[PDB]
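Every residue, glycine among them, receives a Cβ derived from its backbone with ideal geometry; neighbour counts consider all protein chains shown. Nothing in this text is a laboratory measurement; each read-out follows from the coordinates by a stated rule.
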Amino acid sequence: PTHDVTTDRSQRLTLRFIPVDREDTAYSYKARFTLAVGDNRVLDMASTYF
Amino acid sequence: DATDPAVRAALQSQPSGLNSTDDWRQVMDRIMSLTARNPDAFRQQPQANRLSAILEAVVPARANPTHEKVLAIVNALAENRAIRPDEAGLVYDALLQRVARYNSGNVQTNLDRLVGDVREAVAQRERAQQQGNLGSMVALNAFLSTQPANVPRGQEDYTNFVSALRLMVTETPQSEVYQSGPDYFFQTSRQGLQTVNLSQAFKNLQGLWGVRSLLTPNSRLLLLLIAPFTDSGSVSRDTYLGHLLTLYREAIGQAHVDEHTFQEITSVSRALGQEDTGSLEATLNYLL
Amino acid sequence: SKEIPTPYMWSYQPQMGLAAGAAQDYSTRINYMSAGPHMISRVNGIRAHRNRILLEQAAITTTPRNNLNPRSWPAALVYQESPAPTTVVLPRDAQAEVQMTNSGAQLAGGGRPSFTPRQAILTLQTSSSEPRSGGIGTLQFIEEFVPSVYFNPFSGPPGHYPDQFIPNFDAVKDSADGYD
Amino acid sequence: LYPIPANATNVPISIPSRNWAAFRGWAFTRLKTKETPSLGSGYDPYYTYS
Amino acid sequence: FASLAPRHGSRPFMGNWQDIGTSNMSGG
């Protein structure tokens, strides 16, 4: 199918997310992210990883 | 004429002035000065403008209708939603290339038959939109083949209900029925709310036609939409479905006069001087 | 969920004067995941009694229109200021003061003159030259745009859905807007 | 709890869109991230304060 | 939704209707 399936606008495939705030214990660390999904985008969380 | 694919093709290909080929009679009335308004407007032109119009009149120039015949076809494909408006230049060069490879006396006659065929097909679709019946009658009668034609009790209420059911889809051109999987539905307008479920409503009303807290709210939504198309004698008075169809006709008529009462009370509450926040809440609590 | 849905409450935009887009009333929901059939049935009768009020409030108050949330409201359907005409009592007689001054009298300060019984009164139109159209205010967003109870949601063919619930959707483009 | 960075002055918050039915008002006080544990955690390893 | 489906020939290659949800658990 031509239209109504894949966009013709400037849209990325993979995004890179810098940690917003990282904190460390002696046995663990914590990484807070902003998982920003823009307009008209769906994100299956199976495609997300660290 | 604004939705005519050959009038629109004349506004995109033909000149906006009076040439001596498309408008030979209208320019010979001006060359020979037999025009009603300003007859002597042709004598007051220079020889470069005056002799070049006489030469194009006594021996006119031939022209190609092919770019005008194809553009009437493209502007009807773009109007009956057959192509996208972005594809209107893509399929125009695609059709001009085909009638250039295969150009003949047959094809130019066949394009002349097809620009009269798409004038009809644009008008036939726009008549079918304002009638709004052909897509709905074939899919409501397809629904009623599934439903049984003989209920045990209250057949007199059942055969007038399904006849009033044909009256909504006929006397509302925007309303439609369709199928989505097992069940059929009924939207009261294109891209609007109040979608009833016909296969769930008629498996709920079956067993309630002669009964004289138990209704699914889409069946009551169906009994609200069918109410202005149902007479007092179409269903019974004592029957619980017939008792509600009269009750929903009074609810529509009360909501039609509480609409006009709302426009009166809020009009005379602004001029008299009140809070505009509380004028709009005390009115509804008086009307609801 | 289909029989007794949650109403789509409209988001206003005070700048354009149109509705932004409707999302369901998720923030006024009532939690009966710890109730039984003696009380789940009583709350579902309140979810449905509310939806009967919103269909009754929309039949009273909402203007009947084809496109839900239009982009340019007509001037006949927008509440417009129609004040009383301004009555101006003009202070001075113009040609009776150019004859006192030409005669040598110096006028200073200020019927209102002792030398003129004439009094001119001017009545002017207070309202605008053209009636305003295009965007409704806050009070007409309250009257219209009663929260949409959308029974059996998204059951139709595509294109017959409420796309004007979506805050990205242009009606005259039939497409969702992007970042450019 | 909205996080304020160190030496930060302007704190913007933004509720996305919401029915504000039966809303009563606001009440606010700045806290400290050192003194406040996590919101709904059963234990806080990053909480060295008593 | 036939404009989203690939066209095997001139018919839309649709899936089945009842293949929408999952049902697998640890032995059930």
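Tally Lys and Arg at +1 and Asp and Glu at -1 over the other residues with C-beta under 13 Å from the C-beta of residue B:277: what net charge comes out?
Values: positive: B:270; negative: B:275, B:276, B:281, C:143.
Summing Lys and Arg as +1 and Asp and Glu as -1 gives -3.
Could you work out how far the C-alpha centroid of the range B:29-55 sits from that of the range C:160-180, in angstrom?
54
Quick one: if the Förster radius is 51 Å, what FRET efficiency do residue B:141 and residue B:268 give, using the C-beta to C-beta distance and rounding to 0.05?
According to the calculation, E is roughly 0.50.
Chymotrypsin sites (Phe, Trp or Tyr not before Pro) within the range D:10-50: which are DSSP loop residues with at most 13 other Cβ atoms inside 10 Å?
D:20, D:23, D:26, D:28, D:43, D:49
What residues of the range D:19-35 lie in the reach of a label at residue D:4, counting those whose backbone N is under 18 Å from a point 7 Å from the Cα along Cα→Cβ?
Counting only backbone N, you get D:26-35.
List the residues of the range D:22-45 whose backbone N lies under 14 Å from a point placed 7 Å from the Cα of residue C:34 along the Cα-to-Cβ direction.
No residue qualifies, since no backbone N sits under 14 Å from the label point.
I want the antiparallel fraction of DSSP beta bridges within the range C:2-175, as a percent rounded to 5. Don't skip to the answer; put the middle values down first.
Details: 12 of 12 bridges.
Taking every DSSP beta bridge within the range C:2-175, about 100 percent pair in antiparallel fashion.
Loop only per DSSP, at most 14 neighbouring Cβ atoms within 10 Å: give me the trypsin sites (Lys or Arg not before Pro) in the range B:227-280, ordered by residue number. Numbers along the way, then the final one.
Values: sites: B:237, B:249, B:270; in loops: B:237.
Hits after loop and neighbour filter: B:237.
I'd like the mean, over residues of B:186-192, of how many other protein chain beta carbons sit within 10 Å of each residue's own Cβ.
Details: counts 3, 6, 0, 4, 6, 11, 10.
Counting other chains' Cβ atoms within 10 Å and averaging over B:186-192 gives 6.
Please give the average number of partner chain Cβ atoms lying within 10 Å of the Cβ of each residue in C:59-70, rounded to a whole number.
Going residue by residue through C:59-70 and averaging, the value is 4.
Distance between the C-alpha centers of the range B:174-225 and the range C:64-129? Whole Å please.
The range B:174-225 and the range C:64-129 have Cα centres separated by 60 Å.
Based on the Cβ-Cβ distance from residue E:11 to residue B:98, what FRET efficiency comes out when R0 is 35 Å, to the nearest 0.05? Spell out each step's value before the answer.
Working: r = 26 Å, r/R0 = 0.74.
About 0.85, to the nearest 0.05.
Taking only DSSP H segments of four or more residues, each worth -39500 (n - 2.57), what value at 222 nm results for chain C once the sum is divided by all its residues, to the nearest 500 deg cm²/dmol?
Numbers: 3 runs with 40 residues, N = 180.
That comes out to -7000 deg cm²/dmol.
Just how large is the dipole of the protein assembly as shown about the Cα centre, in debye to the nearest 20, putting +1 at every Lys and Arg Cβ and -1 at every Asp and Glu Cβ? Don't jump to the answer; show the numbers that get you there.
Values: 52 positive and 54 negative charges, 143 e Å.
The dipole magnitude comes to about 680 debye.
Efficiency by 1/(1 + (r/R0)^6): what FRET value for residue B:26 and residue C:175, r their Cβ-Cβ distance, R0 = 41 Å, to the nearest 0.05?
Efficiency computed from Cβ-Cβ geometry: 0.40.
Karplus couplings for the range B:18-23 from phi (6.51 cos²θ - 1.76 cosθ + 1.60, θ = phi - 60°), rounded to Hz, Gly and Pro as x?
Listing the rounded values in order: 9, 7, 8, 10, 7, 10 Hz.
Note down the nm distance, to one decimal, between modelled labels 7 Å out along Cα→Cβ at residue A:36 and at residue C:139.
4.1
May I ask you to list the residues of the range C:152-174 whose amide nitrogen lies under 20 Å from a point 7 Å from Cα along the Cα→beta-carbon direction of residue C:13?
C:162-174
Which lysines have a Cα lying under 30 Å from the Cα of residue D:32, excluding residues fewer than 8 positions away in the same chain?
Excluding near neighbours in sequence, the set is A:30.
How do E:1, B:143 line up, fewest other C-beta atoms within 10 Å first? Spell out each step's value before the answer.
Working: E:1 9, B:143 20.
By the 10 Å Cβ count, ascending: E:1, B:143.
Quick query: amide H of residue B:187 versus all other amide H atoms, modeled in the peptide plane; which residues come in under 5 Å with a sequence gap of 5 or more or a different chain?
B:176
Rounded to the nearest 5, what % of the DSSP beta bridges within the protein assembly as shown are antiparallel ones? List each step's numbers first, then the result.
Details: 27 of 27 bridges.
Here the antiparallel bridges make up roughly 100 percent for the protein assembly as shown.
If neighbour count is taken as other Cβ atoms inside 10 Å, put B:209, E:17 in order from fewest to most.
Working: B:209 22, E:17 9.
Least crowded to most crowded, the residues run E:17, B:209.
For a quick check: sort A:9, C:50 by the number of other beta carbons within 10 angstrom, fewest at the front.
Numbers: A:9 8, C:50 17.
With the sparsest Cβ surroundings first, the list reads A:9, C:50.
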